[PDB]
Amino acid sequence: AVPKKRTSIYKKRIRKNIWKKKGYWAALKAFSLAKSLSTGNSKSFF
Amino acid sequence: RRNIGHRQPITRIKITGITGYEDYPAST
Amino acid sequence: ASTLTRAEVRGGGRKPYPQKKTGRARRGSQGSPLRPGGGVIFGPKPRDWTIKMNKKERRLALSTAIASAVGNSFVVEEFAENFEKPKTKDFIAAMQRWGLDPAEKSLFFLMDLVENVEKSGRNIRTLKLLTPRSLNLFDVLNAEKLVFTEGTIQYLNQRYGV
Amino acid sequence: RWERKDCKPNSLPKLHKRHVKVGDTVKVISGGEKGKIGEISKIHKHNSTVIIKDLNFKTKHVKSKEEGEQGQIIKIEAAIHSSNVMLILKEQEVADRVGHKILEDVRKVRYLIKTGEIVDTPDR
Amino acid sequence: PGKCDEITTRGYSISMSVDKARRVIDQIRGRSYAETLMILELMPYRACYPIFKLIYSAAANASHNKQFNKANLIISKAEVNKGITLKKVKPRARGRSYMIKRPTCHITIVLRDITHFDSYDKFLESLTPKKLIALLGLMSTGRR
Amino acid sequence: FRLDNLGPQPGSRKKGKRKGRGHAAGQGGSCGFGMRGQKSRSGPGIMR
Amino acid sequence: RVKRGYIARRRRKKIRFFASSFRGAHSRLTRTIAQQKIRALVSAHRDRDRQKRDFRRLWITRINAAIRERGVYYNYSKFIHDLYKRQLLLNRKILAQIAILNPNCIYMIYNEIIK
RNA sequence: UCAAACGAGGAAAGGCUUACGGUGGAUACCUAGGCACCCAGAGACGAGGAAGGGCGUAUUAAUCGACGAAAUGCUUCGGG
RNA sequence: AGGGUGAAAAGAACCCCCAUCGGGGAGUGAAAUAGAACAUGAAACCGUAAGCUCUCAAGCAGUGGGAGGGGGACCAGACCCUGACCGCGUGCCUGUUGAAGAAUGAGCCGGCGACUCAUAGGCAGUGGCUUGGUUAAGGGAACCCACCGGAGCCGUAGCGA
RNA sequence: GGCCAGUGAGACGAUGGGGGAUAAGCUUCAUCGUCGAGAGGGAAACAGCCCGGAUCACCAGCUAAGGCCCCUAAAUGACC
RNA sequence: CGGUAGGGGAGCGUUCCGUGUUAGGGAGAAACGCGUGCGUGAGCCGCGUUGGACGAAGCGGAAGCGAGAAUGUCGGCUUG
């Protein structure tokens, strides 16, 4: 359970950039919702 | 542990021309 | 120069944490010298020593310094002073006329220490008066330009003869 | 600012002895605003600094009111040090040092050491 | 310096973590003020709102300090750095105590108008270099 | 002789060797006392 | 008589500058910068002596592959048979260099080794 | 056009180098504060209430110093 | 445990974002990249931009050779950066007969951190006197010191309880 | 002789033996070689086996031990 | 002319002191960072759109004098 050693700058920038790329994937969805929130007949967002 | 260094005493030579070579030709 | 060793500081003379069952070194004092909170090793005690040097080696050191002082035009020579109204202008004027700059760090000494040259000489920085009561080697081995009087050249030959 | 507060022997601040009184005509000797005459206005004995009129220009910005109105820009003098000034008589225009003449009465007055007049002002 | 093109806006050490501010700041890089205006209206992050406040107070800055428009204005770099981290000695069981660090960011966002010349043709002219300093202000692949 | 140009003769004052300042100096590491024993430990050591 | 210094940082900054392009904590981290200076210099030793050895090996196999292009069974050993019997003192395996920079001239070398 | 051979060219996090930044307070220059000697001097004080404190005193916050219902000070004699 | 903006707070009038904190202009200043977390600011650490390059690859991460590519260049053959691939290479210290060791130690970076001082004996090297050598305490223009101060010490004769 | 250190846990290999079970990379001795304190080459790797003793440089040549099909330098060499 | 424990010889660096109110230095000292330079090396010398007031060399002396190790220690910052 206890880690034997530490990680490099290598593997850490890989994992942190996979985390922040996983943050990248959930804003073109927000760009699509922000673009559909604009002028148009949409039956949502009262 | 031993840090020593070595600067080899070299000499640069420029070449003028080659002569005195006109014996026993061996062309193929 | 002084420093406080391990036995002097007001740090703890206690065991801070026990000997085992803790992953940390065996540190038995908070005034330990390994810890920068106090306590040093092998620092300067205030030492008032006695470096003795031989008499006839030191007399020969003075005689060698004054002996190498003359010959290379570093010695001109005066003989008398009579300074009524001691006012440091005839002192620096006679200093100029003897061939000595006031800034070039000369040194010169006189018999009996008459008061009107101690009074007119102690303000210029580059020279200080001496006397056979107070003739050292370090002040005279500046050796730029240095003069004698006849009682100091015949007292000086009177002592350091042959 | 504890490095610059006043030193206090027995709770009272150590005040310096100086050579400039109020109502005197000082000249700036060297630093900055060199070579211009002036009266002095307010005195600061602990810094050995003196504010003098209409020469030292410190354009300062003041939030004026509490309603946020008119916010005035006030051009206020600062403290030049007391060793950077001399005294001036208006008869001989020359910056001179000081001296304490003891005249025929008991009082002891200031004196320009090169000219022959007295800095000291009477009761008015 | 790019000859008077960009607008640099710094930020206080705001009371949040640097890494989540770096995913929300690595989203909005390269996109202009309208797209970041509509995305940061609707991004589901708590780190979204001071970033949107600094973009809004950065392009309003770019329209009041300079005199630009909020449509021809792309985000240039938008770098987020570390700040001061507080230390919180929080106790935990079996007589232990853990340092819980309260992290702060340091946001510096640079904005970029297009103040262009848009020259007619490409063809090089190796004459009058004191005009070649001014005609070329921001291009690519600089030879010699 | 000036204060400048004075210098002792060679051999008159050797340098005191410092111990534990590097193995190239000569007495680094264990400072010239082997590995262990009473000769390496600090204290009065052995009665002569 | 306190003696705080800076000489460990120049001592250490020189070794820091030598350890460039070491891929990670061998190029940044001081307590490995030292042993990569050390191991890099002994790598320079053994790879220098074995670059003498290794280029010897490379010229041997290169002129062997040049001589074996005749087809008839003439090995590299027979080229030295009739390279020292016909008295050619020490061409120093630089005929493995002009064997590719001057292949007609090495054909003149070998075709005069035959005669 | 088809069949066969090769896998270039731009391709991602990242790796190295370089440049510019942020946390950080080593190095350099100080000091506002200490340490140790030498030469003198003093080791005094206190029931005439001590060393040390508590509370309080200024026109008006807190803290320190000074002071004690005569309180951010008083009388006399000198210096200024 | 926490010192150092400037020379002088001259500590930012006014405009914009705005609930503040903060930020940008403008103004002060020689310096505002000296802005109150404020003097030089290094390493570990976190980043961003530019050049080369990694997704059939086994490696104490190097080193020797160097494909391809990039940069300025002037002794344009040189220099620096990247690294297709090949050979070779069992972290450092401690301490053992023997440690890459799966023996110990260290997360990392920067500082602090260890044969030192007093007085004696012995030996070596450099001196000063050999009309044997040398003073201690103490006196001294505050200290050091010139010059005294021959008390003592060492060598001059050994053998024996 | 003067001054002045360490070391006093050894290991394997050949020979001469004792203990053992002529078992142990076992234990104790006697002469020697290596390692310890010895790099390089051969031994696939591998302290003690063979050659061999590293001041340093060369993109020099000849060899010892050992090898000459390929990985990996040199003979798919010749004759019994 | 390999070398551990160890012994000897010769040197570099640091801060302070004598020369020293040294040469030099707001026409940029120390620092910090840099090298197509020189050394056997510890290191020197030179260059810096950073920094802002000190301080070399030579000839000498004295050390709280040199860091990668102590489950060292004190701050800073990582890993998970």
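As recorded by the PDB entry, chain D carries the name 50S ribosomal protein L24, chloroplastic and is attributed to Spinacia oleracea. The title line of the PDB record says "Structure of the 50S large subunit of chloroplast ribosome from spinach". Per UniProt, chain D carries the Function text "Component of the chloroplast ribosome (chloro-ribosome), a dedicated translation machinery responsible for the synthesis of chloroplast genome-encoded proteins, including proteins of the transcription and translation machinery and components of the photosynthetic apparatus."

Going by the PDB entry, chain C carries the name 50S ribosomal protein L4, chloroplastic and comes from Spinacia oleracea. Regarding chain C, the relevant UniProt record gives this comment under Function: "Component of the chloroplast ribosome (chloro-ribosome), a dedicated translation machinery responsible for the synthesis of chloroplast genome-encoded proteins, including proteins of the transcription and translation machinery and components of the photosynthetic apparatus." In its Sequence similarities section, the UniProt entry covering chain C states "Belongs to the universal ribosomal protein uL4 family."

Residues and numbers for the overall build of chain C, please.
When helices and strands are tallied, chain C shows four helices and three strands. For chain C, the N- to C-terminal ordering of α and β elements is α-α-β-α-β-β-α. Counting only C-alpha atoms, chain C reaches 85 × 40 × 25 Å along its principal axes. Counting every position in chain C, which comprises 162 residues, the buried fraction comes to 25%.

Which residues make up the nonpolar core, and what values do they have?
Formed by 29 residues in total, the largest nonpolar core has its most connected members in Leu40, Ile51, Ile55, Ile109 and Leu111 of chain E. Take this core: its biggest share by element is eight residues, from helix α3 (residues 48-64) of chain E. With residues up to four places along the chain from it excluded, the contact list for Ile55 of chain E reads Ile28, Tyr33, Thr36, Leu40, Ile75 and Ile109 of chain E. Listed in part, the 12 residues of the second largest apolar core include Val50, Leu55, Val85 and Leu87 of chain D.

Can you break down the packing of aromatic side chains residue by residue, with the values?
Residues and elements named next belong to chain G. A complete count under the given rule lists six aromatic pairs over all chains for this structure. With a centroid separation of 6.0 Å and an interplanar angle of 40 degrees, the aromatic rings of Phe79 and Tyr110 are classed as tilted. Of this pair, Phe79 sits in helix α3 (residues 76-84) while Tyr110 sits in helix α5 (residues 103-114); the two residues are 31 residues apart in sequence, bridging distant segments of the chain. Judged by relative accessible area, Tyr110 falls into the buried class, the value being 6%. By the ring-pair criterion, three or more aromatic residues cluster together here, those being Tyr74, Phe79 and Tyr110.

Outline the protein's contact with RNA strand I, listing residues and values.
Near RNA strand I you find 87 residues, and of these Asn136 of chain C, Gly71 of chain D, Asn65 of chain E together with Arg9 and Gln51 of chain G are the closest. Across the atoms of RNA strand I situated within 4 Å of the protein, the share located in sugar and phosphate is 78%. Side-chain polar atom of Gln36 of chain G to a phosphate oxygen of RNA strand I: 3.2 Å apart, as the coordinates give it. For the surface near RNA strand I, the elements supplying multiple residues, two or more each, are α1 (9-24) of chain A, α1 (55-69) of chain C, β4 (58-61) of chain D, β1 (6-9), α3 and β3 (79-82) of chain E together with α1 (7-18) and α2 (30-67) of chain G. Among the elements that make up the surface near RNA strand I, the one with the highest residue count is α2 of chain G (13 residues). Here the residues of the surface near RNA strand I are counted per class, giving 25 nonpolar, 24 polar and 38 charged.

Break down the arrangement of the chains for me, with residues and values.
The interface with the most contacts, out of five pairs of chains in contact, is the one formed by chains A and E. At the level of C-alpha atoms, the two units chain A and chain C stay apart, their nearest approach being 16 Å. No part of chain A reaches chain F; the closest C-alpha pair between them is 30 Å apart.

Could you give an account of the protein's contact with RNA strand H, with specific residues and numbers?
Taken together, 22 residues sit near RNA strand H, with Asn17 of chain A, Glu3 of chain D, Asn81 and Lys82 of chain E together with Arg4 of chain G positioned nearest. Expressed as a percentage, the sugar and phosphate content of the atoms of RNA strand H within 4 Å of the protein is 77%. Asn81 of chain E is positioned with one of its side-chain polar atoms (N or O) 3.1 Å from a base nitrogen of RNA strand H. Within the side chain of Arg4 of chain G, an N or O atom sits 2.3 Å from a phosphate oxygen of RNA strand H. Going through the elements one at a time, α1 of chain A together with β3 of chain E are the ones with two or more residues in the surface near RNA strand H.

Explain the environment of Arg6 of chain C to me, using residue names and the numbers behind them.
Residues and elements named next belong to chain C. Tracing the chain through its elements places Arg6 in the segment before α1. Counting along the chain gives 32 residues from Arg6 to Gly38, while the straight-line C-alpha distance between them is 7.5 Å. Of note is the side chain of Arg6, whose polar atom sits 3.0 Å from the side chain of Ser29.

Describe the pairing of strand β5 (residues 96-102) of chain E, and please don't skip the residues or the numbers.
With seven bridges connecting them, strand β4 (residues 86-92) of chain E and β5 of chain E associate as antiparallel partners. By the bridge assignment, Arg92 of chain E is partnered in β5 of chain E with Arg96 of chain E.

Tell me what's going on with the sheet that holds strand β1 (residues 107-109) of chain C, and back it up with residues and numbers.
Spatially, the three strands line up as an open sheet ordered β2-β1-β3 (chain C), and their pairing is parallel. Whereas interior strands pair on both sides, the edge strands pair on one side only; in this sheet they are β2 (129-130) and β3 (146-147) of chain C.

Outline the packing of α1 of chain A against helix α1 (residues 18-27) of chain E, listing residues and values.
Their axes nearest at 9 Å, the elements α1 of chain A and α1 of chain E cross at an angle of 55 degrees. Taken together, the axes of α1 of chain A and α1 of chain E lie oblique to each other. Once α1 of chain A is placed against α1 of chain E, the crossing between them reads as right-handed. Here α1 of chain A contributes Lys16, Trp19, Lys20, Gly23 and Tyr24 of chain A to the contact with α1 of chain E, which in turn contributes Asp19, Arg22, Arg23, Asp26 and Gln27 of chain E. Of the residues that constitute the contact of α1 of chain A with α1 of chain E, the class distribution is two nonpolar, two polar and six charged.

Go over the environment of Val62 of chain D with me, naming the residues and quoting the values.
Residue and element names in this part refer to chain D. When you line up the elements, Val62 lands in the loop between β4 and β5 (73-76). C-alpha of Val62 to C-alpha of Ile74: the two residues are 12 residues apart in sequence and 7.1 Å apart in space. Setting aside its immediate chain neighbours within four residues, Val62 contacts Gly71, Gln72 and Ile74.

Calculation rules
Residues numbered from 1 in each chain as written, not as in the entry; some residues may be left out. Chains lettered and ligands numbered in written order. Part of a larger assembly, values for the part shown. Heavy atoms only, no water. UniProt positions renumbered as here; feature names shortened; annotations may be inferred. Helix = DSSP H or I, 4+ residues; strand = E, 2+ residues; numbered from the N terminus. Buried < 20%, exposed > 50% of the residue type's maximum accessible area, 1.4 Å probe, protein only. Core = buried A, V, L, I, M, F, W, Y, C linked by side-chain atoms within 4.5 Å. Contact = heavy atoms within 4.5 Å. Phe/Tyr/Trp six-rings, centres within 6.5 Å; stacked < 30°, edge-to-face > 60°. Near = heavy atom within 4 Å. Polar contact = N/O pair within 3.5 Å; in protein donor to acceptor, adjacent residues only side chain to side chain. Nonpolar A, V, L, I, M, F, W, Y, C, P; charged D, E, K, R; others polar. Pairing = 2+ DSSP bridges. Axes fitted to C-alpha atoms, helices over the stretch in contact; angles between N-to-C directions. Parallel < 35°, antiparallel > 145°, perpendicular 65-115°, else oblique. Left-handed = near helix turned anticlockwise from the far one by under 90°.

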